[PDB]
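As structure tokens, the structure follows; a few thoughts come after it.
Neighbour counts are summed over all protein chains in view; Cβ atoms, including those assigned to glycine, are modelled from backbone coordinates with ideal geometry. Every number here is computed from the coordinates shown, using simple stated rules; none is lab data.
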Amino acid sequence: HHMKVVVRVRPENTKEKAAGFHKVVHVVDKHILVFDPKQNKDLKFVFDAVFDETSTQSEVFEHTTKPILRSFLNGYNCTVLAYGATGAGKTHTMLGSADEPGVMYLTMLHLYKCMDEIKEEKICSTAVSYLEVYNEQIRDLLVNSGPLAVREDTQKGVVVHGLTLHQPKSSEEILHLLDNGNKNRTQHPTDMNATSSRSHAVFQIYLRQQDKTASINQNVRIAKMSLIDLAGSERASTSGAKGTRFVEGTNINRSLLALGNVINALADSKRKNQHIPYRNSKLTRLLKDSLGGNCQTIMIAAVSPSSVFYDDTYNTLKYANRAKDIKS
Amino acid sequence: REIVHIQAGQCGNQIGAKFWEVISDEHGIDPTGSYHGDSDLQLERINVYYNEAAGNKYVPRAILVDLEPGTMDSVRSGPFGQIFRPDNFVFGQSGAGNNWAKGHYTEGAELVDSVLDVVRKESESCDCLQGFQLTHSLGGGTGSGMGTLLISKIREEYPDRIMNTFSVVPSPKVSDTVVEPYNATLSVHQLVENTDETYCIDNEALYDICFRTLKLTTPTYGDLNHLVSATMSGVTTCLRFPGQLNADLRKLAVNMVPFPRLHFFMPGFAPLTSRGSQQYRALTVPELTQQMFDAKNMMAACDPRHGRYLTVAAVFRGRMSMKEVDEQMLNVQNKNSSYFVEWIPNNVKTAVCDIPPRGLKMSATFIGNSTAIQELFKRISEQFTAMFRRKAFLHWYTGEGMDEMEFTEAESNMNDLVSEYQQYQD
Amino acid sequence: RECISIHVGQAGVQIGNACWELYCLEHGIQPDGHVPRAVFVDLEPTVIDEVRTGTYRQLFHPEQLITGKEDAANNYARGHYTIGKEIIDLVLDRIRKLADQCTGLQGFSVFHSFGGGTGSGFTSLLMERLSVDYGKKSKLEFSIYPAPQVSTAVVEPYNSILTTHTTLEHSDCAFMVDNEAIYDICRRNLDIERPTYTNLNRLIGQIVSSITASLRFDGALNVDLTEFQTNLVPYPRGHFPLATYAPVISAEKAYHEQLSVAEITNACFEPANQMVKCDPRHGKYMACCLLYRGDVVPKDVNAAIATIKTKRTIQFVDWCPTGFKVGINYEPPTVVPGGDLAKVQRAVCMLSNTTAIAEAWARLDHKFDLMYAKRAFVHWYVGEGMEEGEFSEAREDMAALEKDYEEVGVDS
Ligand SMILES: CC(=O)O[C@H]1C(=O)[C@@]2(C)[C@H]([C@H](OC(=O)c3ccccc3)[C@]3(O)C[C@H](OC(=O)[C@H](O)[C@@H](NC(=O)c4ccccc4)c4ccccc4)C(C)=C1C3(C)C)[C@]1(OC(C)=O)CO[C@@H]1C[C@@H]2O
Ligand SMILES: Nc1nc2c(ncn2[C@@H]2O[C@H](COP(=O)(O)OP(=O)(O)OP(=O)(O)O)[C@@H](O)[C@H]2O)c(=O)[nH]1
Ligand SMILES: Nc1nc2c(ncn2[C@@H]2O[C@H](COP(=O)(O)OP(=O)(O)O)[C@@H](O)[C@H]2O)c(=O)[nH]1
Ligand SMILES: O=[N+]([O-])c1cc(Cl)ccc1S(=O)(=O)c1ccccc1
Ligand SMILES: [Mg+2]
Ligand SMILES: [Zn+2]
């Protein structure tokens, strides 16, 4: 329906390539991927689209974000759901990869171009924000905020106040917010020091269109777009007993559960309605506003071909596909 | 393992005197005296509620949190009142005004740091902490405002340790206060997002259960509070005894909350017979499950017959067969398959201690997580809108540094909490 | 030669105290004699404290009594991952200190209670760490699987679909005893609506005595623990025979006692006597180790079994010509001085893999799905260092155990 799903495999990593043990999934054709190659489970998985390891950021940009931009420009709020294995590398090269063309860079340019054309023809104004969910506290990345308090408007569409947005001057101004933000989140000191993978990063862009062609006095269409980087799941080891991870992992584990339970309930609410508990998390309640409604959504899962990704990519394909596959 | 009780506001304090009146006899602790215990088992586990200092002076490890001096000055000037170390009395000689905002933002907010100081002195006592018991009414300044702040701070300092709450939800028929739904809707809002076990008790559900199930014609408050304190002993301290199948606050929590909201339960005691005549001893066991699972006998206002159960915990305490227990629970699950929910193959959590309530042969605390409690947060949330529409006594809250959006927030949350509870009634 | 034991979870320790009671009682070793050969594990102190306070107090070393003063929790995750992790190293250290002291051991008779927190989750990793440190040994786990309708924990199936998947690739032969299908023996075959837990524990205390105690003891047809998993498991899944006893007669009511071999052996295959709600509804036996004890002529057995091999309504598997391990011990059973057990001069402690547990597993798996389909108590395990993975991926595990116990039978 509105939901469309695409999974983009990312090349095996230099070390993963050179070793080569049984591949987690073995991508068969472009769309169908077999899990657990010989027998073994030998599970065929279908998706709506799938992109192979050869498909880079630029191909996923064009695929994923093209139905996003059009709907975003139409005034339909859009979101991108990221996924990926817990192990970085696929997710590392999927997001924040400057060298890779960036799904986010080409879609930010794609929107940024389309935004300039809508402004010349029509008066279009936009704004952007960048927030994270670390410790289940929302931080703005642009300004050093504290815990955003919750209010509800007349619509009562739940607002975390104290968010600041600036209007997109160029993509360069956005790049400064991306830099400010990306350095504002900490690395996670557990394991190897990753980026802010374990914290959920959110990018927000708000389109606001008035028509010059339409009367000045008209309804304004606004969409919200969001891109979310999520954590990976934690094992016993990657968790650990330690009190240092302890807080962070509790925040992530309940965020992942309540969020993924809201994603499963989201697919059920493509039948259903008020059933889906928006309230189970702070961000999952804002995710209702974006992902709820009949809005065009896409999930991009990451998958690596490495054997390390055996568990992680199988669990993420399992969880992403589970919400599709369940229908009553 | 260990707990630290919390006597927030006058009602939670008045009940604290009754909770500790009971528990101490259930542990042979005289006023400042030691363990006189008729047995030896009422001592291998006391640590749960007390501290070692002298060698005869096991002191209750509670907190007494009140902005009204005359209350804690009636609890401390009466019977067991001289057991509490004076360090436990976190008084606020300020005006204890009946406003949730006055006890949460303005007058309670100052006294909190001098509370958290002691909640840490008592949590850092020794061994391993389990959680905190909380007693209060949802109908007043110090109960619902300040007592709900104390937990919003406890749940930030120890998000690992459990949080039991004993709320005196506003009774339907007559409200013992006027702003009541204001104080209530604003505390249940904090409760649904901090504590993880709530036991809601209603002064009139008690009067019914205390005037018809006890022929008691003059049910004083001391009696209501005594009945309540009889359950919260059969919950906690009870399961800190041996048993063929014991549990503890976590087993209770980890069997009784299917969804993270917290969920609120409805306690029920077992042998609830009037004194002389009704000492029928029809307490073999089918008579306890007969008792606990009827409508009346639930300390909540709402009737369980009006909604499915998600979980039940019959926390028995008295020597009985693990067959006539585990069996009876089944026929109860099948006679009433209608109201019990179906996506849980076994709703009931059987729990069995050995030692019974001092003077009795056999009892069983009931802790029901029924969807029937929907028909109470409905009640509270109605009384709110009917007066919130006109901003009735709202100038007492905003004039104490509040927000027109804060009332909106709490209603909408606790009114969503009604919606969610119906998702499982269906 | 020896077999250590590891009694885990409160119930694995209550059964432990009872199997351990019946031992000294048939070996003339009163309260203070030799030394035990086992350990006790719980994340609730008050229960292992019943072995430190109650009977059999000084028969143990405080070193073979592991406790985590912390919290049991009726959830696998916490008891496997989060908490039960902290204790494992210390636990292993005993089953490595007790395993060194001996002389050429054979294995560890584990005692756990499937649908617990400490009995599910901890043992899962205990057996895990054993199959690696001692893959060259026997790993016979004696479970008390979930009652078919009379479960206790609300979550039970979450705990028991997670002990099965994690231990499956690690056990050698998993004995099973159902708590409810024992109460039917206490009601029907003993007459008592007063079965305390202390009695089911005498009855597993009895069947278990027949396994290790009397069979590690000399006899006319000895059967090592390796002989079990060899003569009892057809396939590498940690296959789960059922325990059954024969002279379960009452020591008060009826008295026919003198029930020659020809009778006690027939009293094993009737479904009303097998400590398991896995009534042979279709389940073909595939291998049975009839342990006898007491006065038994090998011809009475090699005739009392021959009659059974030709009953045909007992239908063995096709690929199994003869699946009858006769074990004969000398010393008769040894009943509790004044419990309720008859006291006969012979018994049959038959155990067997049956295709019947195709049911028991199916009915326990279907349970799990109904709650997991709504997540139910999932937030209690995810907050404890687990994932959507370990549930969904241990569910897929037991799915190929519904198919394994279907394919190994029903077909020819
Ligand atoms: C001669 C005799 O057997 O007297 C009984 C008695 O008559 C009855 C009626 C008791 C009596 O209880 C009440 O009348 C009552 C009064 C106010 C509120 C609630 C109840 C009794 O007072 C209560 C008392 O309870 C206990 O001793 C328990 O240990 C109980 N203790 C307290 O509540 C307590 C009271 C005063 C001071 C300190 C503690 C308890 C229950 C659960 C958990 C912990 C403790 C008992 C058996 C009796 C009397 C004395 C008449 C009953 O109540 C309880 C809680 O056991 C009322 O129905 C039961 C059935 C009992 O048979
Ligand atoms: N036969 C027998 N079954 C028992 C005994 N004690 C408990 N059980 C059963 O085992 C299960 C109970 O496990 P629990 O006592 O809750 O837990 P545990 O496995 O000891 O570990 P925790 O959950 O962490 O406390 C239930 O299915 C009981 O019916 C016992 O002494 N004998
Ligand atoms: N059971 C019970 N309820 C009480 C007691 N005292 C006050 N209440 C109830 O508490 C509500 C009033 O709140 P109150 O305790 O005075 O608030 P506070 O003292 O300002 O925190 C009313 O609904 C009363 O019925 C008591 O001792 N026992
Ligand atoms: O998705 N993200 O939010 C994200 C998560 C991480 Cl860890 C890293 C980056 C990004 S980004 O903004 O896509 C981005 C993409 C390209 C350049 C800067 C930022
Ligand atoms: Mg236990
Ligand atoms: Zn005879």
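Per-structure values
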| item | result |
| --- | --- |
| The protein assembly as shown: C-alpha gyration tensor shape, a/c 1.5 cut-off, then a/b vs b/c | oblate |
| GNM flexibility winner over chain B from B:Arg390, B:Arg85, B:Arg358 (Cα, springs under 10 Å) | B:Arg390 |
| Chain C: calculated mean residue ellipticity at 222 nm from DSSP helix runs of at least 4, using -39500 (n - 2.57) | -12000 deg cm²/dmol |
| Dipole magnitude (debye, nearest 20) for the range B:1-258, charges at Cβ of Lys, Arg, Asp, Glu | 280 debye |
| Reachable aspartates and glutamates, given that their alpha-carbon falls under 15 Å from the alpha-carbon of A:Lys242 and they are not under 8 places away in the same chain | A:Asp191, A:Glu234, B:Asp160, C:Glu86, C:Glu384 |
| Förster radius 30 Å - calculated FRET efficiency between C:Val35 and C:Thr226, Cβ distance, rounded to 0.05 | 0.75 |
| Cα shape, the range C:357-412, gyration tensor, a/c 1.5 rule | prolate |
| Footprinting exposure proxy for B:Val118, B:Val188 (fewest neighbouring C-beta atoms within 10 Å first) | B:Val118, B:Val188 |
| Average beta-carbon neighbours from other chains, 10 Å sphere, peptide A:277-284 | 3 |
| Packing-based exposure ordering (other Cβ within 10 Å, fewest first) of B:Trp343, B:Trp20 | B:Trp343, B:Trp20 |
| Cross-link partners of A:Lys169 among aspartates and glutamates (Cα-Cα below 17 Å; sequence separation of 8 or more within a chain) | A:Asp116, A:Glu117, A:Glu120, A:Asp179 |
| Longest site-free stretch - chain B; sites: GluC sites (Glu not before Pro), DSSP loop, at most 15 other Cβ within 10 Å | B:125-341 |
| Charge sum, other residues only, whose C-beta stays under 13 Å from B:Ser338's C-beta, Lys/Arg counted +1 and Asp/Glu -1 | +2 |
| Separation in nanometres of the label points that stand 7 Å from Cα toward Cβ, at B:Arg120 and A:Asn193 | 3.0 nm |
| Helix runs (DSSP H) in chain B reaching 18 Å along axis by Cα, Kyte-Doolittle at least 1.0 | none |
| Over 21 Å (Cα to Cα) - which of C:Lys374/C:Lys403; B:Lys349/C:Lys374; A:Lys327/B:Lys335; A:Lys156/B:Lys391; A:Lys4/A:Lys224 fall in this group | C:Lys374/C:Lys403; A:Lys327/B:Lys335 |
| Distance between modelled label sites at A:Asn273 and B:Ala282, nm, 7 Å Cα→Cβ extension | 4.6 nm |
| For a label point 7 Å along the Cα-to-beta-carbon line of B:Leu43, residues of the range B:56-99 with backbone N under 16 Å | B:56-59 |
| Where Cα atoms sit under 25 Å apart: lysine pairs in the range C:242-356 separated by 8 or more or lying on different chains | 14 |
| Net charge, A:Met94 excluded, C-beta distance under 9 Å - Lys, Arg +1, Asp, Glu -1 | +1 |
| Contact order relative to length of chain B, as percent, for alpha carbon pairs under 8 angstrom and 6 or more apart | 16 percent |
| Residue with peak Gaussian network fluctuation, chain B [Cα springs, cutoff 10 Å], from B:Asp202, B:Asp223, B:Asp117 | B:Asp117 |
| Centroid-to-centroid separation of the range C:348-383 and the range A:34-56 [C-alpha atoms, Å] | 30 Å |
| Neighbour-count ranking [beta-carbon atoms within 10 angstrom, fewest first] of C:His282, B:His226, C:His239, C:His34 | C:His34, C:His282, B:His226, C:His239 |
| Under 20 Å from the Cα of B:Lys173 - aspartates and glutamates, other chains or at least 8 residues apart | B:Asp202, B:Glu204, B:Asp208, B:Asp223, B:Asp303, B:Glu375, B:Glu382 |
| Charge sum, other residues only, whose C-beta stays under 12 Å from C:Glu50's C-beta, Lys/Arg counted +1 and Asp/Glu -1 | -3 |
| Cα gyration tensor shape for the range C:1-241, rounded if a/c is under 1.5, else prolate or oblate | rounded |
